[PDB]
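Structure 1 and structure 2 below are the same protein chain in two forms, each given by itself as C-alpha cells.
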Structure 1
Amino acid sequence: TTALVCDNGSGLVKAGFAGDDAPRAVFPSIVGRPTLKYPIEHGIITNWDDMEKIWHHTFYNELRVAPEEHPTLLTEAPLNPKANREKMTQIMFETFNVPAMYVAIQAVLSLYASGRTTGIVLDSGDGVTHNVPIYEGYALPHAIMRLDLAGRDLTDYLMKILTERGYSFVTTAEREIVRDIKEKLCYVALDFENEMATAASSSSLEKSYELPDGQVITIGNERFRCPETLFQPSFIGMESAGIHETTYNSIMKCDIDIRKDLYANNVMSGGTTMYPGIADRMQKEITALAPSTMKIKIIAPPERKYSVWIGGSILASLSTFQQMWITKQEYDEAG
C-alpha cells in the first residue's frame, strides 16, 4: 500500500518510502567483478543486467520489501532516450512484478522539492550536470543543456593538482580520500585571480586534513581551483561552456515571456552544487552575462543533495499524481 521512491544516480542511489522526510537507504551505484562497475554513466543506464542487481539489492537488501507489494517511483536524467525508459518499465513490471510505477525527470523533482512549478534548475551530480528550464511543471526539452562534468571529474582533477604539490593519490581507494577532501575543504572562490593572489602571498587559505593513517597534510589553492573547473571546463581540456554560461544559454533558448521568471528562480540540485560560496558566484557571474535591469536570484536549499529524492516523495504523495501512475494491468494491456 505504501509507495516507494528510487532515485538512481551515476554515483549514488538514494532510496526510501514516499511520505518520508528523507531516504532511508543511500548506497553506491556499483557492481564489483574481478573490478568495480558503474552501470549508470553520465546519468544514463548503460548496463541493464547490472542495473537489475542494483534494484534487486535496493528492494531486498536495503529497503527489505516485496517489490510487488508497493508502487515504485523511478527517476531518470533529462533527455533520457525513450528506448531507455521503456526498458526500465518492462523490467519493473516483468522482473520485479511491480503493481504500478512511474518514471519522473530528476531535475523536475528538485524544483518541486523547492516548492516551485516554474524555474530553471541546475543539477550537478557525480556523473553529469544539467540545466533544465521548467514552465508550469513541464521541463522545456529544446532548452535543456547537458554537461559531462561533475563530482567524479572534479575529484579526479583535484588528485591531479595535488600531485604537483608532491602528494601521490593514484589508486581508487585513495581516490575516495580525495573525494572526502573535495567535499570537506573545497569552496567556490568569488574571484579566481584575487584568491590565487591571496594563496601566492599568504598561507591564510591553507587547511590541514587528517589522512586515514593519522598523518596530516595541507592544501591551499586546490580548495577553490578544483570547483573552478565548473565555471571553466577548459582547465581539464573541455572546450564546453561553464555552468554560468550554459545556464544563460538555457534561458535564452526559452520563450522571452518566461526568462524573467527563470532568472528569478535558479534552483540548485545535486551534491556538486554543495560547494560553499557557489551561490554568491552564480549570482555574480549570471548578473554580468544578463541585462542590468534583470532581477537574478539563486536558490540553494540545505538538503539539495537529496532534492531529487525529496521531490519524488512529495510527488508520489500528491493527490493529483495518483491518476498518473501506471498499473500492471495498464501495462500488461497497453505495453
Structure 2
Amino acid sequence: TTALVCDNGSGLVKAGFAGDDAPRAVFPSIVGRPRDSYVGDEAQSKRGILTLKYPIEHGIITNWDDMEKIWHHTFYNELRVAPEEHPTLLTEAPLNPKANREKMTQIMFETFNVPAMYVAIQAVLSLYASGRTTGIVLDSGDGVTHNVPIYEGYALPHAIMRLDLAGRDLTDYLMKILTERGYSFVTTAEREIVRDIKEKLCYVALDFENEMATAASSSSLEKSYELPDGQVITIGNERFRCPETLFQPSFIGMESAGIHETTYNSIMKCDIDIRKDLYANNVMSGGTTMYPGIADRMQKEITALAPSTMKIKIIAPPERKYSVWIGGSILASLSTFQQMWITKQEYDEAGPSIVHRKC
C-alpha cells in the first residue's frame, strides 16, 4: 500500500510515491481545449491549437472542473495508478480558504474514491524537509512568493506575507531586458528558451551596484548560451538583473517590498520570544529560490535590518526546487502519521468538514 504525494502548484504539478527522494512526475499545471481536453506536457506541445488555462492562480485552485482533469491525468496517465488503492497526500497554499479544503476533500473521496487522504500546508512541508518544525519559510514558485513563519508545526496565519511576483514574472522580465539589449524572443516556443536561460545562467549579486558597476567596466560576468538552432548568444548583466527583481520589485513596476523586507516584516509580526528562532531558521523553498548567491544575499540583507544580537541563518538546501514534495514524501512515509489520514469511512460519516478537524 504505497502512499501518493501530489504537490499542485501554479506552474507545476509535482507528483510521486511516498518513500522516494524525488517526484516521479513533474509537468505543467495546464489544461487545453480546442478552438475533449489535454493536460501537462501534451497541452504545452499543442498550445498553438488550444486555449490553455491555469486552474491554480497564486497557489489557490480557482477552476475546479479543470483541477479534476489535472488530478485524473496525474493518477491515470503520469503515475499509472488506480486513485482507489492509494492513500493520497495533497498540498495547499498558505491562507487557503476553508471552502477549497472541503471541495478538494470532496473530489478526492466522491470522484477519485481514494481510500484515505490528507492536506498539508506547502511551507510546513518544506520546513519538515529541512529537519525543522520551527522557522520561517520563503516559498517562491511560478505565480506567487510567500513568507510563512511556523512555530512547532503550525503556520502563524496573522504573520504570513504574500508577494504577487515569482518565476513567471522573472522569465517575462529576462525576455524584456534581452530585447532592450537587442536580442529577439517573440514566439511562445522562444519563451521556453528564455526560461531555460534563466534557470542556467541567472544568479543573485551580493551587491547589486558593485555588480552593475563591474558589468559596465568588464567582460568577466559574461556567459554564452547555445540556442536550439546552433547560434550562440552572450548575456552579461541580465544574469544578475533578472533575479534582482525579487529584492527590488519596482524593476517590473510593483510598489511592494522585496523578499528581504517581507521576511523581516513577517518576523516582526510574530511574538517577540520566538523571533530568535525565526531568524536562525530562514528556510528557502520553491524553484524561484534556485538562483546561486540568493542565500548569501538574503543573509546580508536580513543582517542589515535585524538587530545584531540575533543569529541570522539562511538554509537553502540544493533540492529546494522540490522540498514541498520531499516534505510530503517524508510525512506520508511515517508510521506515526498513518493515524492522521482521513479515511473513507470517516469521510462517509462526517462529510467534507472533517478536513478542518484533522489537518
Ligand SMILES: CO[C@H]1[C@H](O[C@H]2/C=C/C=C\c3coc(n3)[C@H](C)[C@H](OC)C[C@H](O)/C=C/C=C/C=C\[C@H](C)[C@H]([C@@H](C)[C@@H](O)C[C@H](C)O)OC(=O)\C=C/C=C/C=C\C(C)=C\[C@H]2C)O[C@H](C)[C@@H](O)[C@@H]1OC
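All residue numbers here refer to structure 1's sequence, counted from 1. Here, rigid core means the biggest group of C-alpha atoms that superpose within 1.5 Å across both forms.
Only structure 1 matches the form solved without this ligand. If you overlay the core, the Cα of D49 moves by 1.1 Å between the two structures.
On a core-based overlay, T320 has a Cα shift of 2.7 Å between the two structures. Summarising the core-aligned comparison between the two structures, the C-alpha atom of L230 is found to shift 0.2 Å.
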